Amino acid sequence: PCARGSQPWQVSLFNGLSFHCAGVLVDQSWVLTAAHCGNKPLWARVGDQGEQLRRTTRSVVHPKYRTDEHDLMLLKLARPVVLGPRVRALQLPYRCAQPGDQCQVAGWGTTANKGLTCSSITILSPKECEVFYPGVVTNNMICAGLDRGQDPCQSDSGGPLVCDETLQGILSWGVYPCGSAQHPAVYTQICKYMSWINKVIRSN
């Protein structure tokens, strides 16, 4: 799946020589990922050796960061990306995606060489995720239903949820157990964080 050249904003984050999290390129100098990936230090391979390698300097965890709540972290790249056909930022949400929308998640298969697979996903409502996770606070989350027969563990951690070539979410938890699509994952709802994201990026 996942046609070649799509997902130019896909980012793999490494600690040491080891894989850690995925992330999105939201600016030529900025990558966004889950705060729970902030063990640190990290470095970012961008684009879909490696097309462009960079490392991070500033790592801004959301101030408001049971599961991780408000887990969002902005990684600053040492040197800016050169925006190509190959590597581009992902447009940030100007709007919130509603339950029922068809979205997409691309993943390399960590949490189970390389290569990206695309799976379509259905926004569920912050209601029937309380069924799978009774006691969850949603409000700032979107639960993404994966279609049956799909292995949830093909996503990564920090990976993007794209809807209509917008970034609506960063994967927080809800991937395990592998082997069943029946449970939805839990993404940070990114259209609720725009005030903060634009402020640390200084992108206004």
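Each residue number is its position in the shown sequence, starting from 1.
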| query | finding |
| --- | --- |
| Deposited residues omitted from coordinates between residue 131 and residue 132, as a class | none |
| Residue 49 preceded by how many uncoordinated deposited residues after residue 48 | 4 to 9 |
| Mean Cα B-factor comparison, 121-129 or 72-80, giving the higher one as deposited | 121-129 |
| Between 156-164 and 134-142 (mean CA B-factor, as deposited), the higher | 134-142 |
| Criterion, highest CA B-factor; candidates, 29, 172, 39, 57 | 39 |
| Residue 13, C-alpha B-factor rank within chain (lowest, middle or highest third) | middle |
| Chain-wide C-alpha B factor ranking for residue 99, given as lowest, middle or highest third | lowest |
| Residue 52 - which third its CA temperature factor falls in, relative to the rest of the chain | highest |
| Modelled-residue ranking by C-alpha temperature factor, third containing residue 66 | highest |
